[PDB]
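Commentary on secondary and tertiary structure
For reference, the chains in residue letters:
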Amino acid sequence: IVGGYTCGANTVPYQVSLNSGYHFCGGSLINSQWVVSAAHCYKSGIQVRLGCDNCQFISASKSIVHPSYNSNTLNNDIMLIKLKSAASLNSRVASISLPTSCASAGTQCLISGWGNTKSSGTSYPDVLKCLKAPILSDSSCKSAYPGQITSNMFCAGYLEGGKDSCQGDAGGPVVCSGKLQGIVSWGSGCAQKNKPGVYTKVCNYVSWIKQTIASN
């Protein structure tokens, strides 16, 4: 996260880290046995780390990539991880829910992760970083990224640059009024002018998520 702030411990309880000998992606705990993340974060035998600001280690029993995921365009960039054992959440603030409807343009959301904090150079933080950002209109998103924005993507952030998610944040949450509306996916560099973050549009997948959970 570039241009964001230190979240604080126990402030984003649904944020997880995906680990393969190192932190490589984020994810969102949506119930005690399932994590939502990006399809381009798929690896076999992922270890999920939960409740760790800088603490639970739970292996994936399986990681299910969307059947229409396109690794070239990152269309349908969503994955469901089933945990081998149930996660034990700590603080009893309300947790996140799947959306019942899509979020409208202009909606304010919270984006979080342990990714790069610099626009140029390399600086991975030890503690979780947070960013508040609005969802941008579909037309502005398509103008920023001609030919690359599908109905399964939305842009969020700031056109003037300076505030964005970044490498190391993929798979992580975009939460708007308690609903998981986005997944950190891609962008052109980080926090660059007229290049906002691009996010998987979770509301388009709620039927698939519910069916995947039911059948596995």
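Residues numbered from 1 in each chain as written, not as in the entry; some residues may be left out. Heavy atoms only, no water.

1. As for the domain arrangement of the chain
- When the domains of the chain are assigned, the result is domain 1 (5–8 + 95–203) and domain 2 (15–94 + 204–215).
- Relative to domain 2, the C-alpha centre of domain 1 lies at a distance of 17 Å.
- Across the boundary between the two partners, domain 1 contributes 31 residues, which contact 32 residues of domain 2.
- Buried area between domain 1 and domain 2, both sides added, is near 2,400 Å², and the carbon and sulfur share of it is 56%. (Domains from an automatic or database assignment. Contact = heavy atoms within 4.5 Å. Buried area = accessible area lost by both parts, 1.4 Å probe.)

2. Here we look at the UniProt feature "disulfide bond" in the chain
- Between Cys7 and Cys130, where UniProt annotates a disulfide, the S-S separation is 2.0 Å; being under 2.5 Å, the link is counted as present. An identical accessibility class is assigned to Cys7 and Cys130; each is buried.
- A separation of 2.0 Å between the sulfurs of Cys141 and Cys155 falls under 2.5 Å, matching the UniProt disulfide annotation for this pair. Of this pair, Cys141 sits in helix α1 (residues 138–144) while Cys155 is found in strand β10 (residues 153–156), placing the two residues 14 residues apart along the sequence.
- You can call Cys155 buried: its relative accessible area is 0%. (Disulfide = S-S within 2.5 Å. UniProt positions renumbered as here; feature names shortened; annotations may be inferred. Buried < 20%, exposed > 50% of the residue type's maximum accessible area, 1.4 Å probe, protein only. Helix = DSSP H or I, 4+ residues; strand = E, 2+ residues; numbered from the N terminus.)

3. Regarding the state of the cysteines
- Enumeration according to the criterion identifies seven disulfides in this entry.
- The disulfide that involves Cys7 links it to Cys130, with 2.0 Å between the sulfurs. Across the S-S bond linking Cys7 and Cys130, the dihedral sits near 110°, which makes this disulfide right-handed.
- There is a disulfide in this structure between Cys102 and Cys203, and the S-S distance comes to 2.0 Å. An S-S torsion of about 95° defines the bridge between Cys102 and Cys203 as right-handed. Residue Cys102 is found in the loop between β7 (79–83) and β8 (108–113), and its partner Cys203 is found in the loop between β13 (197–201) and α2 (206–214); the two are separated by 101 residues along the sequence.
- Look at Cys203 and you get buried, because its relative accessible area is 16%.

4. Brief notes about the nonpolar core
- Ranked by size, the top nonpolar core spans 40 residues in total, and within it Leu18, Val48, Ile81, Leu83 and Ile209 carry the most contacts.
- Elements with a minimum of two residues in this core: β2 (15–19), β3 (23–31), β4 (34–37), β5 (47–50), β6 (56–65), β7, β12 (179–186) and α2.
- Looking at which domains feed residues into this core, each of domain 1 (5–8 + 95–203) and domain 2 (15–94 + 204–215) gives three or more.
- Residues within four places of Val48 in sequence aside, it is in contact with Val16, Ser17, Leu18, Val35, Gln56, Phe57, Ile58, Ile81 and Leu83.
- Counting residues in each nonpolar core, the second largest holds 13 residues, with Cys109, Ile135, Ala156 and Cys176 among its members. (Core = buried A, V, L, I, M, F, W, Y, C linked by side-chain atoms within 4.5 Å.)

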